[PDB]
């Protein structure tokens, strides 16, 4: 059972309410919602799902809402995106209880971030992992050959060269808010 974004290379990442309007006119099925407001949240998910778009929601970037177990409960029972993204391990564990697509965010900062992060991945067993930045193809290569969980890469992807390089390294897809390559591939 491969991940539901098979043959979708770009997963657009919305910072705005206006950014989701831009991507509602696109052939790509999965989207990413980056910064949000807990007040407008339920509407924004249902409005995006009304346009045939499946939502990956940043659990950590919901203003007014923690990333508590209670907060993840809220996302799964009352907001219902198609998947959640968190950097917190407890949120990945909780989302898996609710049979949610739990993708774990990792920041390729240093060797310490790698070591602690691979240990966390090992513990919580996420459905997927997002690696940032998405412009280090050899780190995406190293990571994929470690466990085989599928990895998305995201962050700082400007060109189609970079999309190709990282996807050929082992990435299943790319997340990006670079507006140019939303209609490019």
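Numbering follows the first chain given and starts at 1.
- [ ] Using only the Cα atoms and their B-factors as the entry lists them, report which of 61-69 and 138-146 averages higher.
- [x] Of 138-146 and 61-69, the stretch with the higher C-alpha B-factor average is 138-146.
Open item on the list: Highest recorded C-alpha temperature factor, please, choosing from 28, 152, 120, 34.
Closed with: If I rank 28, 152, 120, 34 by C-alpha B-factor, first place goes to 28.
Task: Chain-wide C-alpha B factor ranking for residue 127, given as lowest, middle or highest third - done: Its C-alpha B-factor belongs to the middle third of this chain's values.
Task: residue 162, C-alpha B-factor rank within chain (lowest, middle or highest third) - done: It falls in the middle third of the chain.
- [ ] Could you tell me which third, lowest, middle or highest, the C-alpha B-factor of residue 93 occupies within its chain?
- [x] Lowest third, going by the recorded CA B-factors of the chain.
Task: Record-listed C-alpha B factor of residue 106: chain third - done: Lowest third.
TODO: Within this chain's modelled residues, let me know which third the CA B factor of residue 41 belongs to: lowest, middle or highest.
DONE: Answer is highest: the recorded C-alpha B-factor places it there.
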